[PDB]
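Undergrad: Below is the file data.pdb, with PDB, C-alpha atoms.
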ATOM      1  CA  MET A   1      58.422  31.686  -2.714  1.00  0.00           C
ATOM      2  CA  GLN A   2      58.498  28.827  -5.220  1.00  0.00           C
ATOM      3  CA  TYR A   3      57.287  29.856  -8.661  1.00  0.00           C
ATOM      4  CA  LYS A   4      56.867  27.533 -11.634  1.00  0.00           C
ATOM      5  CA  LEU A   5      57.517  28.141 -15.311  1.00  0.00           C
ATOM      6  CA  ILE A   6      55.945  25.890 -17.916  1.00  0.00           C
ATOM      7  CA  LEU A   7      57.617  26.121 -21.310  1.00  0.00           C
ATOM      8  CA  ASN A   8      55.470  24.706 -24.092  1.00  0.00           C
ATOM      9  CA  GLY A   9      57.431  25.654 -27.178  1.00  0.00           C
ATOM     10  CA  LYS A  10      57.527  24.001 -30.593  1.00  0.00           C
ATOM     11  CA  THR A  11      61.203  23.104 -30.101  1.00  0.00           C
ATOM     12  CA  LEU A  12      61.413  23.439 -26.319  1.00  0.00           C
ATOM     13  CA  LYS A  13      59.210  21.585 -23.849  1.00  0.00           C
ATOM     14  CA  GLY A  14      60.089  21.717 -20.163  1.00  0.00           C
ATOM     15  CA  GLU A  15      59.500  23.176 -16.706  1.00  0.00           C
ATOM     16  CA  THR A  16      61.584  25.006 -14.121  1.00  0.00           C
ATOM     17  CA  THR A  17      61.194  26.720 -10.738  1.00  0.00           C
ATOM     18  CA  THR A  18      62.624  29.808  -9.029  1.00  0.00           C
ATOM     19  CA  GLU A  19      62.863  31.247  -5.519  1.00  0.00           C
ATOM     20  CA  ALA A  20      61.277  34.692  -5.739  1.00  0.00           C
ATOM     21  CA  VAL A  21      59.174  36.634  -3.237  1.00  0.00           C
ATOM     22  CA  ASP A  22      57.699  38.847  -5.950  1.00  0.00           C
ATOM     23  CA  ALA A  23      55.687  37.782  -8.993  1.00  0.00           C
ATOM     24  CA  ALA A  24      57.304  40.498 -11.097  1.00  0.00           C
ATOM     25  CA  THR A  25      60.751  39.294 -10.029  1.00  0.00           C
ATOM     26  CA  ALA A  26      59.817  35.690 -10.832  1.00  0.00           C
ATOM     27  CA  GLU A  27      58.490  36.926 -14.166  1.00  0.00           C
ATOM     28  CA  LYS A  28      61.791  38.728 -14.783  1.00  0.00           C
ATOM     29  CA  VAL A  29      63.774  35.557 -14.092  1.00  0.00           C
ATOM     30  CA  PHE A  30      61.472  33.409 -16.221  1.00  0.00           C
ATOM     31  CA  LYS A  31      61.327  35.996 -19.007  1.00  0.00           C
ATOM     32  CA  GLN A  32      65.108  36.265 -19.091  1.00  0.00           C
ATOM     33  CA  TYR A  33      65.646  32.490 -19.028  1.00  0.00           C
ATOM     34  CA  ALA A  34      62.944  31.935 -21.655  1.00  0.00           C
ATOM     35  CA  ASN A  35      64.196  34.726 -23.919  1.00  0.00           C
ATOM     36  CA  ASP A  36      67.800  33.484 -23.679  1.00  0.00           C
ATOM     37  CA  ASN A  37      66.489  30.018 -24.534  1.00  0.00           C
ATOM     38  CA  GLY A  38      64.991  31.417 -27.728  1.00  0.00           C
ATOM     39  CA  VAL A  39      61.440  31.747 -26.430  1.00  0.00           C
ATOM     40  CA  UNK A  40      59.521  34.991 -26.998  1.00  0.00           C
ATOM     41  CA  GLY A  41      55.622  33.092 -27.035  1.00  0.00           C
ATOM     42  CA  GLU A  42      52.229  33.632 -25.420  1.00  0.00           C
ATOM     43  CA  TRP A  43      52.601  34.343 -21.706  1.00  0.00           C
ATOM     44  CA  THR A  44      49.782  33.347 -19.387  1.00  0.00           C
ATOM     45  CA  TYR A  45      49.741  33.662 -15.605  1.00  0.00           C
ATOM     46  CA  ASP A  46      48.228  30.770 -13.684  1.00  0.00           C
ATOM     47  CA  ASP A  47      48.296  32.600 -10.351  1.00  0.00           C
ATOM     48  CA  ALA A  48      46.324  29.859  -8.588  1.00  0.00           C
ATOM     49  CA  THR A  49      49.194  27.428  -9.105  1.00  0.00           C
ATOM     50  CA  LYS A  50      51.903  30.122  -8.908  1.00  0.00           C
ATOM     51  CA  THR A  51      52.796  29.328 -12.506  1.00  0.00           C
ATOM     52  CA  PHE A  52      53.861  31.297 -15.554  1.00  0.00           C
ATOM     53  CA  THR A  53      53.089  29.485 -18.778  1.00  0.00           C
ATOM     54  CA  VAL A  54      54.713  30.135 -22.143  1.00  0.00           C
ATOM     55  CA  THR A  55      52.900  28.828 -25.191  1.00  0.00           C
ATOM     56  CA  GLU A  56      54.991  29.058 -28.346  1.00  0.00           C
TER      57      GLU A  56
END
Would you mind giving the structure from this file in structure tokens?
TA:
Amino acid sequence: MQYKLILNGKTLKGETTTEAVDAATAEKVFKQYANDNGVXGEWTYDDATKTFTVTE
């Protein structure tokens, strides 16, 4: 359903959400968006809060 992405990058701080019924799909969306926004970073999965966190 609603997945969260937390972007904690040295030049990019922010958060966004996506409608995905699969964690891999949500990861794909977040990974694409992050990568296109110049973020590689350390990826952690906070599954309890349905959140992918990028620490750059």
Undergrad: Go ahead and fit an axis-aligned box to every listed atom of region 23-35 of chain A plus 6 Å each side, and pass me the centre and edge lengths in Å, one decimal, as JSON.
TA:
{"center_x": 60.7, "center_y": 36.2, "center_z": -16.5, "size_x": 22.0, "size_y": 20.6, "size_z": 26.9}
Undergrad: Smallest atom-to-atom distance to residue 3 (chain A): which of A:32, A:42, A:56, A:47, using all atoms listed in the file?
TA: A:47
Undergrad: For the file shown, what are the residues hit by the PyMOL selection byres ((chain A and resi 50) around 9), laid out as a ChimeraX atom specification?
TA: /A:2-5,23,45-49,51-52
Undergrad: List, as a ChimeraX atom specification, every residue that the PyMOL selection byres ((chain A and resi 15-20) around 10) selects in the file provided.
TA: /A:1-8,12-14,21-30,33,51-53
Undergrad: Would you write out, as a PyMOL selection string, every residue that the PyMOL selection byres ((chain A and resi 40) around 10) captures in this file?
TA: chain A and resi 9+31-32+34-39+41-43+54-56
